[PDB]
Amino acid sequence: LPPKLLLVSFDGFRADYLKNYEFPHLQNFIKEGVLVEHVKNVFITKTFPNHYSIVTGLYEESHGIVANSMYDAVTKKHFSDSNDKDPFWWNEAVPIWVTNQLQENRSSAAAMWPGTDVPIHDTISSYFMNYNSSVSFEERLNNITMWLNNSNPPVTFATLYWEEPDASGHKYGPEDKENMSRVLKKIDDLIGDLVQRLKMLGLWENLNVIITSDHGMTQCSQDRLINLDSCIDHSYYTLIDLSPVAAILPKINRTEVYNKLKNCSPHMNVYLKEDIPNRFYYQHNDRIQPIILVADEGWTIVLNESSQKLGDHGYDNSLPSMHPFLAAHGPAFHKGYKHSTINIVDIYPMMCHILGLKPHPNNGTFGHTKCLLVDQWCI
């Protein structure tokens, strides 16, 4: 019987939510398993780029999903979260569900995880759901766990995705404790539903489960706005992505666009593509535009009519507010161990190890995850 792994993401689960709200079900999951208190994720700290990093072990410049909205000038193709089904956009890397699927006598399964409804290098998971945000968590849970438990050839890798607490974190902002506590209580209940379901099917003792997320959330404010329309005319550039990392494609002399934008607000950094800080690993890809604007934490780049959004993410990946957490339980994981931090790109080599897959070249460090694993030396 080959090892099995369920990877679960609750979108937008800021690491310090664990310290500020009560998660009885998640804490029960943790006490018989492992917790990484905060994971250093990848810039830019958006949903599609970070989910792909988890399943590839790659920085965004390397796997090619550099934002939730992209434009490739050469092919003229556009990407958005809904318009995300052209394999072109995913083919710069090979995600773990593909490597798993290519093994004889093994299958992959998916319930709503970004990209899992797209054939990547001509490979699609045996079981997958076409993205549909209306599908309940119960349906996602029941189908994913039934697939893991039944199925032949056996399902050895599975993904499970949920849109909260990201959606409501944007709505209320993470500083709204009254409303966020209700949001997060529901997430904790869903975690309880996951555990109860695993136990009922007798998967709980033998399935490896990772519960994690893609990024956190920080508070935005009408006192912290940078209006591009106040700084530069529309006719000078095309806006590929807006806030808090604006992707700017100049229509005229780049130097002219740069000179206006660099004198717009002290609350953002304005970079020529070739000046983007090395620490971001966000330069070496044609999908990165000639100029990017990076707003300081809690600042929002707007146009004249841009809607209010009390919470946001996308900021510098060194900010604690942007970091998710990771927890895990199962035969491969220690019981009751807690660790400060790992990098989000380390999850991939760890998962390949648990599953006995050959990892593709990546940016992760397996060593960072050894203390989580029963078969490994913990220095």
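Throughout, we count residues from 1 along the sequence that is shown.
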Averaging CA B factors per stretch from the PDB record, which one is higher: 203-211 or 168-176? 203-211
Comparing 184-192 with 288-296, which stretch shows the greater average C-alpha B-factor in the deposited entry? 184-192
Taking the values straight from the PDB record, which of 63, 313, 31, 323 has the highest C-alpha temperature factor? 31
In terms of CA temperature factor as recorded, identify the highest of 129, 247, 301, 96. 129
Quick check on the deposited entry: does the C-alpha B-factor of residue 27 sit in the lowest, middle or highest third of its chain? highest
Ranked against its chain, the third holding the CA B-factor of residue 337: highest
Could you place residue 44 in the lowest, middle or highest third of its chain by Cα temperature factor, using the values in the record? lowest
Modelled-residue ranking by C-alpha temperature factor, third containing residue 365: middle
Rank-wise, by C-alpha B-factor, drop residue 354 into the lowest, middle or highest third of its chain. highest
